[PDB]
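Heads up: the structure comes next, in structure tokens.
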Amino acid sequence: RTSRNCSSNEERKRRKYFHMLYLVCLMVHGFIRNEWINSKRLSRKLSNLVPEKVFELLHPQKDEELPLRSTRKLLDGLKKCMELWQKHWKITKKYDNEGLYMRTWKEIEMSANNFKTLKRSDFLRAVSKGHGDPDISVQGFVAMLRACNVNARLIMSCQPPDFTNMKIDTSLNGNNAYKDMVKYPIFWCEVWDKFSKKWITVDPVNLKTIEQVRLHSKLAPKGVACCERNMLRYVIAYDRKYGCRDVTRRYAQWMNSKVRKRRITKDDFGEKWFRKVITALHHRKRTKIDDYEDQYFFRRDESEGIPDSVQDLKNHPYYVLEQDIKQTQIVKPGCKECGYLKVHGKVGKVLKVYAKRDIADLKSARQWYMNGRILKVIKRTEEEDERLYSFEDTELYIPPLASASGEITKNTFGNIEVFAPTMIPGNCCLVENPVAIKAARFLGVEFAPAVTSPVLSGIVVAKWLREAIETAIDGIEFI
Amino acid sequence: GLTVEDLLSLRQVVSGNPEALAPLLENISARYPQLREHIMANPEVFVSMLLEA
DNA sequence: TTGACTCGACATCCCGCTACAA
DNA sequence: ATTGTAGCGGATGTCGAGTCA
């Protein structure tokens, strides 16, 4: 009955790790490639590809009465450049194998079993001759635009293996595999319009179009077959000056529902790790353009709204179904649903969507005490009914200060309960160490065992005594 | 702490042959277990390391 | 075409006392 | 004898598969 195609949590955690590892590698490859693009030797040769007429078209004069017409001229320039690049790029290869498209966990495992060293010269020579796969082709096109002094980002859709794929056997359909894989590009270009203050999307090699993305993009894969090998999750923009920015929100129609489920950024550790990576790769400092962009993203983030299906309201950042409200949460007084969802596949069946910012988290008395807070019905399991209280019913707990002799106030068991810094007396400190208790007892100074989690993890002693304890622990072998 | 032969193969794959990333990453991650918890704690270090080389 | 629903086996979060042995 | 030592998880969530409208 059950062929049970599911793996162990061990494999789960490994896949998550390898996903991070592959992503980081991808993003480094981008950074380096973006370097190779800035190559000064290349620009000077590439300049002669562009007639003065086209160059002038690329830098039109400000038109004060109607800025649009300047943008209009700019667009014509970009199209003529794309044309001569079609002309510059003679022989366009096939991706060897799957190129930089996403590989399957199975493909990886098996890739161990079964490469032209390239480096920087070979890239340059290729781009100058016009020989390479579509990735090189695009990269060259961005180089060219850059050699003309336009602010031209290289965009990369990173396709690491999917770490939410829990399956043991992960097998793909063979039909039209390559044509469906190449239906949308892995690399492309963005360009900053100073007149309209927006980034223009450009795909000169694969789809050969130019778009001003608002809510929909021709480049974002659609249907199911095209999305197996191209799964849009991390769209990274590198600019001339070694900026690095996550622009996913531009290209994802449902970023906060659909896409957020497939990025590492859905839990908090993830978000913080990703930001660490962006900062590692972001070597310039914030410009005003960054702000025009952030405002666009904010507005996009507020225009997504309730999704059109129930599955998209699981673990949504802003939105939650009435039915997914935990037993221990309540609705903040005088708030209500922010929206409705027509439920696909039952006539008239509708669900209540609340904004998550209108939901309050409740905790019992002990639970608060364990966060260092004290006070200014449900079913538990013997049978008991447990009352829960909100965060604003409560107040920090300030524990009594230690005496002159450094005496600490203890509990019935002769310890002091320290589950949170608040619960350390003001004049005291917590020292967590298997021997901290051995130490303090050996010195026979006044202390109190710290319960940090019947687990005695350490000591609470007066601050004047700190230097002494730190020394005694260090000498524990001699006690 | 990593060898210089692996950092060499890695600088070269990452820079000029990313098609071959997949199997190399299988290999190297299998030869340096601690790399896991490293990558989780301090990615920006590993970055800078790959940039110098 | 797609989403809703159910079901299978994992996780994840949150919540010392009796008896024997040398 | 007596002290040291050793033996006994529910509400909720996630994803895969299969099924239905």
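Simple scheme: letters A, B, ... for chains in structure tokens order, numbers from 1 for residues in each chain, numbers from 1 for ligands in the order shown.
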
*If you run DSSP on this backbone, which residues of chain B come out as helix (DSSP H, G or I), and could you give them as JSON, numbers by chain?*
{"B": [5, 6, 7, 8, 9, 10, 11, 12, 13, 14, 15, 16, 18, 19, 20, 21, 22, 23, 24, 25, 26, 27, 28, 29, 30, 31, 35, 36, 37, 38, 39, 40, 41, 43, 44, 45, 46, 47, 48, 49, 50, 51, 52]}

Determine, for each residue of chain A having at least one atom at most 7 Å from an atom of chain C, the closest pair of atoms and their separation in Å to one decimal, counting only C-alpha atoms (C1' of nucleotides); order by chain and ascending number, as CSV.
residue,atom,partner,partner_atom,distance
A:309,CA,C:3,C1',7.0
A:344,CA,C:3,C1',5.7
A:345,CA,C:4,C1',6.8

Kindly save the residues from that selection, with C-alpha atoms included, as a PDB file, in the first residue's frame.
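In the end it all went to selection09.pdb:
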ATOM      1  CA  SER A 309      -5.719  29.814  -2.743  1.00  0.00           C
ATOM      2  CA  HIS A 344     -11.212  26.656  -4.731  1.00  0.00           C
ATOM      3  CA  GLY A 345     -13.481  23.673  -5.221  1.00  0.00           C
TER       4      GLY A 345
END

_Residues of segment 158-375 of chain A in strand (DSSP E or B), written as a ChimeraX atom specification_ = /A:158,187-193,198-203,209-211,234-238,244-246,319-321,329-331,339-342,350-355,359-363,373-375

*For atom CA of residue 361 of chain A and atom CA of residue 421 of chain A, quote the distance in Å rounded to one decimal.*
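It comes out at 21.4 Å.
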
Produce a table with one row for each residue of chain B that has an atom at most 8 Å from any atom of segment 29-36 of chain A, each row naming the nearest atom pair and its distance in Å at one decimal; use only C-alpha atoms; arrange rows by chain and rising residue number; format as a Markdown table.
| residue | atom | partner | partner_atom | distance |
| --- | --- | --- | --- | --- |
| B:14 | CA | A:29 | CA | 5.3 |
| B:15 | CA | A:29 | CA | 5.8 |
| B:18 | CA | A:29 | CA | 7.3 |

Selection: 9 Å around residue 12 of chain B, only C-alpha atoms (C1' of nucleotides), excl. self and same-chain fewer than 4 positions, as a short mmCIF file (atom, residue, chain, number, x, y, z; two decimals) with C-alpha atoms, in the first residue's frame:
data_model
loop_
_atom_site.label_atom_id
_atom_site.label_comp_id
_atom_site.auth_asym_id
_atom_site.auth_seq_id
_atom_site.Cartn_x
_atom_site.Cartn_y
_atom_site.Cartn_z
CA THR A 117 39.75 24.94 -17.01
CA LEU A 118 38.57 28.42 -18.04
CA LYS A 119 39.83 31.28 -15.91
CA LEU B 7 41.24 25.76 -2.12
CA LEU B 8 42.95 25.69 -5.52
CA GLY B 16 35.81 29.40 -14.48
CA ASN B 17 33.97 26.05 -14.42
CA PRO B 18 30.78 26.28 -12.37
#

*Shell of 7 Å around segment 23-36 of chain B, only C-alpha atoms (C1' of nucleotides), local chain residues under 6 positions omitted, as a PyMOL selection string*: chain A and resi 108+111-112

*Between A:249, A:167, A:62, A:120, which has the minimum distance to residue 17 of chain D (counting only C-alpha atoms (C1' of nucleotides))?*
A:167

_When you count only C-alpha atoms (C1' of nucleotides), which of these residues is closest to residue 21 of chain D: A:354, A:285, A:430, A:347?_
A:347

*asked:* Give me, as a count of residues only, all polymer residues having an atom no more than 10 Å from residue 273 of chain A, counting only C-alpha atoms (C1' of nucleotides) and skipping those fewer than 6 positions away in the same chain.
replied: 10

*asked:* Please check the contacts: residues of chain A at most 8 Å away from chain D, using only C-alpha atoms (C1' of nucleotides), listed as a PyMOL selection string.
replied: chain A and resi 4-6+166-167+345-346+381

Any chance you could export the current selection's C-alpha atoms as a compact mmCIF listing (two decimals), in the first residue's frame?
# COMPACT_ATOMS: atom_id res chain seq x y z
CA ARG A 4 6.75 5.64 1.21
CA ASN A 5 8.97 7.86 -0.79
CA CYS A 6 10.27 9.98 2.11
CA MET A 166 11.70 15.49 0.89
CA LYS A 167 11.45 12.69 -1.66
CA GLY A 345 -13.48 23.67 -5.22
CA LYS A 346 -16.44 24.43 -2.97
CA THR A 381 -2.95 17.38 30.42

*Between atom CA of residue 215 of chain A and atom CA of residue 68 of chain A, measure the distance and give it in Å to one decimal.*
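One can read the atom CA of residue 215 of chain A to atom CA of residue 68 of chain A distance as 20.5 Å.
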
Within 10 Å of chain B, which residues of chain A come that close, and what is the closest atom pair and distance in Å for each? Count only C-alpha atoms and give it as JSON lines.
{"residue": "A:14", "atom": "CA", "partner": "B:36", "partner_atom": "CA", "distance": 9.3}
{"residue": "A:17", "atom": "CA", "partner": "B:36", "partner_atom": "CA", "distance": 7.2}
{"residue": "A:18", "atom": "CA", "partner": "B:25", "partner_atom": "CA", "distance": 8.6}
{"residue": "A:20", "atom": "CA", "partner": "B:39", "partner_atom": "CA", "distance": 8.4}
{"residue": "A:21", "atom": "CA", "partner": "B:39", "partner_atom": "CA", "distance": 7.5}
{"residue": "A:22", "atom": "CA", "partner": "B:25", "partner_atom": "CA", "distance": 7.6}
{"residue": "A:24", "atom": "CA", "partner": "B:43", "partner_atom": "CA", "distance": 8.2}
{"residue": "A:25", "atom": "CA", "partner": "B:14", "partner_atom": "CA", "distance": 6.8}
{"residue": "A:26", "atom": "CA", "partner": "B:14", "partner_atom": "CA", "distance": 7.8}
{"residue": "A:27", "atom": "CA", "partner": "B:14", "partner_atom": "CA", "distance": 9.6}
{"residue": "A:28", "atom": "CA", "partner": "B:14", "partner_atom": "CA", "distance": 7.2}
{"residue": "A:29", "atom": "CA", "partner": "B:14", "partner_atom": "CA", "distance": 5.3}
{"residue": "A:30", "atom": "CA", "partner": "B:15", "partner_atom": "CA", "distance": 8.7}
{"residue": "A:31", "atom": "CA", "partner": "B:15", "partner_atom": "CA", "distance": 9.3}
{"residue": "A:32", "atom": "CA", "partner": "B:15", "partner_atom": "CA", "distance": 6.3}
{"residue": "A:33", "atom": "CA", "partner": "B:15", "partner_atom": "CA", "distance": 7.1}
{"residue": "A:36", "atom": "CA", "partner": "B:15", "partner_atom": "CA", "distance": 9.4}
{"residue": "A:95", "atom": "CA", "partner": "B:19", "partner_atom": "CA", "distance": 9.2}
{"residue": "A:96", "atom": "CA", "partner": "B:19", "partner_atom": "CA", "distance": 8.0}
{"residue": "A:97", "atom": "CA", "partner": "B:19", "partner_atom": "CA", "distance": 8.5}
{"residue": "A:98", "atom": "CA", "partner": "B:19", "partner_atom": "CA", "distance": 8.1}
{"residue": "A:99", "atom": "CA", "partner": "B:19", "partner_atom": "CA", "distance": 5.9}
{"residue": "A:100", "atom": "CA", "partner": "B:19", "partner_atom": "CA", "distance": 6.1}
{"residue": "A:101", "atom": "CA", "partner": "B:19", "partner_atom": "CA", "distance": 9.3}
{"residue": "A:103", "atom": "CA", "partner": "B:22", "partner_atom": "CA", "distance": 8.3}
{"residue": "A:107", "atom": "CA", "partner": "B:22", "partner_atom": "CA", "distance": 9.0}
{"residue": "A:108", "atom": "CA", "partner": "B:22", "partner_atom": "CA", "distance": 6.3}
{"residue": "A:109", "atom": "CA", "partner": "B:26", "partner_atom": "CA", "distance": 7.6}
{"residue": "A:110", "atom": "CA", "partner": "B:23", "partner_atom": "CA", "distance": 8.4}
{"residue": "A:111", "atom": "CA", "partner": "B:23", "partner_atom": "CA", "distance": 5.1}
{"residue": "A:112", "atom": "CA", "partner": "B:23", "partner_atom": "CA", "distance": 4.7}
{"residue": "A:113", "atom": "CA", "partner": "B:23", "partner_atom": "CA", "distance": 8.0}
{"residue": "A:114", "atom": "CA", "partner": "B:23", "partner_atom": "CA", "distance": 8.2}
{"residue": "A:115", "atom": "CA", "partner": "B:20", "partner_atom": "CA", "distance": 6.8}
{"residue": "A:116", "atom": "CA", "partner": "B:17", "partner_atom": "CA", "distance": 7.1}
{"residue": "A:117", "atom": "CA", "partner": "B:17", "partner_atom": "CA", "distance": 6.4}
{"residue": "A:118", "atom": "CA", "partner": "B:16", "partner_atom": "CA", "distance": 4.6}
{"residue": "A:119", "atom": "CA", "partner": "B:16", "partner_atom": "CA", "distance": 4.7}
{"residue": "A:120", "atom": "CA", "partner": "B:16", "partner_atom": "CA", "distance": 7.1}
{"residue": "A:121", "atom": "CA", "partner": "B:16", "partner_atom": "CA", "distance": 9.9}
{"residue": "A:122", "atom": "CA", "partner": "B:16", "partner_atom": "CA", "distance": 8.6}
{"residue": "A:123", "atom": "CA", "partner": "B:16", "partner_atom": "CA", "distance": 7.9}
{"residue": "A:160", "atom": "CA", "partner": "B:22", "partner_atom": "CA", "distance": 9.4}
{"residue": "A:161", "atom": "CA", "partner": "B:22", "partner_atom": "CA", "distance": 9.8}
{"residue": "A:269", "atom": "CA", "partner": "B:40", "partner_atom": "CA", "distance": 9.4}
{"residue": "A:270", "atom": "CA", "partner": "B:40", "partner_atom": "CA", "distance": 9.8}
{"residue": "A:273", "atom": "CA", "partner": "B:40", "partner_atom": "CA", "distance": 7.8}
{"residue": "A:274", "atom": "CA", "partner": "B:43", "partner_atom": "CA", "distance": 9.6}
{"residue": "A:276", "atom": "CA", "partner": "B:44", "partner_atom": "CA", "distance": 6.9}
{"residue": "A:277", "atom": "CA", "partner": "B:44", "partner_atom": "CA", "distance": 6.3}
{"residue": "A:278", "atom": "CA", "partner": "B:44", "partner_atom": "CA", "distance": 9.2}
{"residue": "A:279", "atom": "CA", "partner": "B:44", "partner_atom": "CA", "distance": 8.2}
{"residue": "A:280", "atom": "CA", "partner": "B:44", "partner_atom": "CA", "distance": 5.2}
{"residue": "A:281", "atom": "CA", "partner": "B:47", "partner_atom": "CA", "distance": 8.1}

*Point-to-point distance from atom CA of residue 92 of chain A to atom CA of residue 202 of chain A, Å rounded to tenths*: 18.1 Å
